[PDB]
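Novice: This is the structure, below, for whatever I ask next.
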Amino acid sequence: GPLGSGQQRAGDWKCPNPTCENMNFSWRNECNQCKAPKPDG
RNA sequence: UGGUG
Ligand SMILES: [Zn+2]
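Here PDB author numbering runs 413 ahead of the position in the first sequence, where the first position is 1.
Quick look at the structure:
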């Protein structure tokens, strides 16, 4: 089916790295794959 | 921790 373990919640954020674009949970401050910061610095 | 569906 179209269902899966994936989810979406308010405050979530996508990796700013063009080489990553991974979706990250709201409580993370860095990317789950490329460790790129959520803020611009 | 809601982790790769
Ligand atoms: Zn990333």
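We put the CB at the ideal spot given by N, CA and C, even for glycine.
(1) What's the gap between the Cα of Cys433 and the Cα of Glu443?
(2) Pull every residue with its beta-carbon under 6 Å away from any heavy atom of ligand 1, and keep them in chain order.
(3) Beta carbon of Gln421, beta carbon of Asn435: below 9 Å?
(4) Please identify the residue among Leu416, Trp426, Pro431 whose C-alpha is closest to the C-alpha of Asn437.
Specialist: Inspection of the coordinates gives the following:
(1) Roughly 12 Å separates the two Cα atoms.
(2) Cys428, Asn430, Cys433, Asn435, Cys444, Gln446, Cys447, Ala449
(3) For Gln421 and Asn435, no; Cβs fall outside 9 Å.
(4) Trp426
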